[PDB]
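Asker: Chains W and V, in that order, are what the protein sequence lines are.
Convert by adding 70 to the 1-based position in the first sequence; the result is the number in this note's numbering.
Convert by adding 69 to the 1-based position in the second sequence; the result is the number in this note's numbering.
One structure is given below, represented as structure tokens, and several questions about it will come after.
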Amino acid sequence: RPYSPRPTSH
Amino acid sequence: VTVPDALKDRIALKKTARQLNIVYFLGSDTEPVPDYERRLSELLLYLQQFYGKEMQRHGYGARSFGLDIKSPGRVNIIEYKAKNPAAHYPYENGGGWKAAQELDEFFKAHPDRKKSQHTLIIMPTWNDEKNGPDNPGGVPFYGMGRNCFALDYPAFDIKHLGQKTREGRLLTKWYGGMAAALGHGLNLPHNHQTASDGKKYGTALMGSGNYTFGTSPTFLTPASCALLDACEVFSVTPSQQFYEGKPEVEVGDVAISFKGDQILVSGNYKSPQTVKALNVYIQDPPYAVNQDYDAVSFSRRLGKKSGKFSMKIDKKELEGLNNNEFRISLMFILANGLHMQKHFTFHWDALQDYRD
Ligand SMILES: *[C@H]1O[C@H](CO)[C@H](O)[C@H](O[C@@H]2O[C@H](CO)[C@H](O)[C@H](O)[C@H]2O)[C@H]1NC(C)=O
Ligand SMILES: [Ca+2]
């Protein structure tokens, strides 16, 4: 399963 | 050493079996921002207070993430000079991933400097036409598994906390940014306060709390705390090992029913290790891990290898949900910090109980 990075709220 | 005003009202915390690694990451052409040991130490120790006070408030005791303490009011921060100039580790296109692969090599050669599997990596801002001490940026700033990334700039100093100034406004944005990026490093997804917690406590940190931290009320949700309770650097049980293997949970007999304003969630579970807790997430589409700042969360204690769970959720707590499609996810949290999810999609215009 791929794990994307979690970026902050625009 | 002088104690800044924000750190004068602080609680004692239980000692933890493992500690968050702090790295100040320097490009080969980069100098540190002056006075960073003091400035980041105060900021990290206040943040540790925030997590511990929220954990205590939710019934888990005075537990926060561990820190390796060098001397009074100072964190034992690893200063790392990189093989390449800072241009080689930018925010975009794998800058973080490259910075992490180099630290993995550092920690394999210097195992005494590694105190847990969680690392917070801090880089000085770039200084060019886009960014500088006045508008920091250019460097990784996000969660990446159990690594997270934040930044430093000259006015990154807790003495500006809450102040109605440019430095105060700048500090809340990049301090809350660091707080939330660290949250992601501590096993936390994005989430949104319920309607009633929004009234009592303000803004969930893992939602839009990166814009409010230190200026208006900011807090951690019961679901966030249930995950922190199963986080390595919050552990006070040294016999419990973390993150080894794969999450093995069989979930059976699920039922999600809509009787009135209540959503009823129930089912069975079985796993070779203890299942500590169940988080439930409810959001509008789209569903990707960076489209979920609207996921309203709920949490329930479990505590067995095998058993049954049942929850009631008030539809009126679903603050900010406005779409006819909605998804309900069930996250099962294991004693060793792994977790797994099951998802279920519904339509208000064609609302059907789930029953398998
Ligand atoms: C999320 O909010 C953050 C502040 O809490 C911050 O603004 C972040 O923006 C990113 O910051 C990086 C810092 O090195 C880079 O400048 C990046 O270009 C920038 O987008 C916000 N994230 C997003 C995706 O906007
Ligand atoms: Ca969503």
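A virtual CB, placed ideally from N, CA and C, is assigned to each residue, including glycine.
So what's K345 of chain V in DSSP terms, helix, strand or just coil?
Answerer: The answer is strand: DSSP assigns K345 of chain V an E or B state.
Asker: Report yes or no: do three or more beta-carbon pairs, one from the stretch 389–406 of chain V and one from the stretch 342–362 of chain V, lie closer than 8 Å?
Answerer: Contact holds: three or more Cβ-Cβ distances are below 8 Å.
Asker: Does the count of Cβ pairs from the stretch 88–99 of chain V and the stretch 130–141 of chain V closer than 8 Å reach three?
Answerer: They touch, by the three-pair rule.
Asker: Can you pull the chain W residues whose beta carbon is under 7 Å from the beta carbon of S277 of chain V, in chain order?
Answerer: Simply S79.
Asker: Counting only Cβ pairs nearer than 7 Å, list the residues of chain W close to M213 of chain V.
Answerer: Ordered by position in chain W, the residues that pass the 7 Å Cβ test against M213 of chain V are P75.
Asker: Any contact between the stretch 359–376 of chain V and the stretch 328–346 of chain V? By contact I mean 3 or more CB pairs, one from each, below 8 Å.
Answerer: Yes, they touch.
Asker: So does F210 of chain V have its beta carbon nearer than 8 Å to some heavy atom of ligand 1?
Answerer: Yes; taking the cut-off as 8 Å, the Cβ of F210 of chain V has a heavy atom of ligand 1 nearer than that.
Asker: Please state whether the Cβ-Cβ distance between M275 of chain V and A249 of chain V is less than 9 Å.
Answerer: Yes, Cβ-Cβ distance for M275 of chain V and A249 of chain V is below 9 Å.
Asker: Name, please, each residue of chain W whose Cβ falls closer than 8 Å to the Cβ of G246 of chain V.
Answerer: Going along chain W in sequence order, the residues near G246 of chain V (Cβ under 8 Å) are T78.
Asker: Three or more C-beta pairs under 8 Å: does that hold for the stretch 74–83 of chain V against the stretch 107–119 of chain V?
Answerer: Result yes; three or more Cβ-Cβ pairs closer than 8 Å.
Asker: Give me the subset of the stretch 173–188 of chain V whose CB atoms are less than 9 Å from a CB atom of chain B, sorted by chain position.
Answerer: Absence of chain B from the displayed structure is noted, the protein chains being W and V.
Asker: What is the DSSP secondary structure of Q310 of chain V, reduced to helix, strand or coil?
Answerer: Note: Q310 of chain V maps to coil in three-state DSSP.
Asker: So does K167 of chain V have its beta carbon nearer than 8 Å to some heavy atom of ligand 1?
Answerer: No.
Asker: Quick check: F401 of chain V and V334 of chain V, are their CB atoms within less than 9 Å of each other?
Answerer: Cβ distance not < 9 Å, so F401 of chain V and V334 of chain V don't count as in contact.
Asker: Could you name the residues of chain W that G142 of chain V contacts, counting a contact when the two beta carbons are closer than 8 Å?
Answerer: Chain W residues near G142 of chain V: none, gap ~28 Å exceeds 8 Å.
Asker: Would you please verify whether the beta carbon of residue 39 of chain V is less than 9 Å from any beta carbon of chain W?
Answerer: With chain V covering 70 to 425 only, the question about residue 39 of chain V has no answer from this structure.
Asker: Could you tell me if the beta carbon of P72 of chain W falls within a distance shorter than 8 Å of some heavy atom in ligand 2?
Answerer: The answer is no for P72 of chain W.
Asker: Is the beta carbon of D221 of chain V closer than 9 Å to that of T241 of chain V?
Answerer: No, the pair does not count as a contact, with Cβ atoms beyond the cut-off.
Asker: Quick one: what does DSSP say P77 of chain W is sitting in, helix, strand or coil?
Answerer: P77 of chain W: strand per DSSP, three-state reduction.
Asker: Quick one, which residues of the stretch 352–370 of chain V are near chain W if we go by CB-CB under 8 Å, in chain order?
Answerer: Those would be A357, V358, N359, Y362, in chain order.
Asker: Would you say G165 of chain V faces chain W, with C-beta separation under 9 Å as the test?
Answerer: Yes, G165 of chain V lies at the interface with chain W (some Cβ there is under 9 Å from its Cβ).
Asker: Output yes if chain W places a C-beta closer than 9 Å to the C-beta of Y280 of chain V; else output no.
Answerer: So, interface residue.
Asker: Quick one: what's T287 of chain V bridged to in DSSP?
Answerer: V:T272.
Asker: Going by alpha carbons, who is nearest to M409 of chain V out of V:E317, V:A264, V:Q170, V:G214?
Answerer: Of V:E317, V:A264, V:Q170, V:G214, the residue nearest in Cα terms is V:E317.
Asker: CB of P205 of chain V to nearest heavy atom of ligand 1: below 8 Å?
Answerer: Answer for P205 of chain V: yes, Cβ within range of ligand 1.
Asker: Should residue 429 of chain V go down as buried or exposed, given a rule of 16 or more other Cβ atoms within 10 Å for buried?
Answerer: Beyond the ends of chain V as shown, which are 70 and 425, falls residue 429 of chain V; an answer cannot be given.
Asker: Kindly give me the distance between the Cβ atoms of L189 of chain V and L251 of chain V, rounded to whole angstroms, as I take these residues to be in contact under 8 Å.
Answerer: With a Cβ gap of about 6 Å, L189 of chain V and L251 of chain V count as contacting.
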